[PDB]
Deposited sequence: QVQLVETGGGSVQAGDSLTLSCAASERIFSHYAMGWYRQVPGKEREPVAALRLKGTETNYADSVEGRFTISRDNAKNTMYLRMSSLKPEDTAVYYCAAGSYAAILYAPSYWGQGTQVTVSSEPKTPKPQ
């Protein structure tokens, strides 16, 4: 019912960041989760997704981003390696159904700013 994020900031191109998302207990055992991103003026796009276990990455981030999970701490992670200026956005932690995690999630976090310049 709550999704708390942290880990944003400003880095240079080629550097890395790691986002974290503390989730409630109910969300963690019954929901698929993932990471979206949004630039002001454009649509929210899904970046990564943890289902079933199954991973789903957007074509723009495959090979550079890795989504993971810690069952024992109720936290999901997104490691972002080799960042590009195209990755600058507000990143949102998400949790939804198995089918609707890659589109139209159910719960959202506040959103953390990631700046690559």
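- Positions of the deposited sequence absent from the coordinates, in order: 1, 54-55, 121-129.
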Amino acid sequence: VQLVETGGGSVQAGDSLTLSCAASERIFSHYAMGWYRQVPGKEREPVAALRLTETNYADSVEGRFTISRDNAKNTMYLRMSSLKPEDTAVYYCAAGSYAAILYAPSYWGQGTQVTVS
From here on, numbers count along this sequence of modelled residues.
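- The mean C-alpha temperature factor is higher for 24-32 when 62-70 and 24-32 are set side by side.
- When the two stretches 42-50 and 73-81 are set side by side, the higher mean Cα temperature factor goes to 73-81.
- For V4, the recorded CA B-factor ranks within the highest third of the chain. Only modelled residues enter the ranking.
- Ranked by C-alpha B-factor against the other modelled residues of its chain, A99 falls in the highest third.
- When the modelled residues of the chain are ordered by C-alpha B-factor, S10 sits in the highest third.
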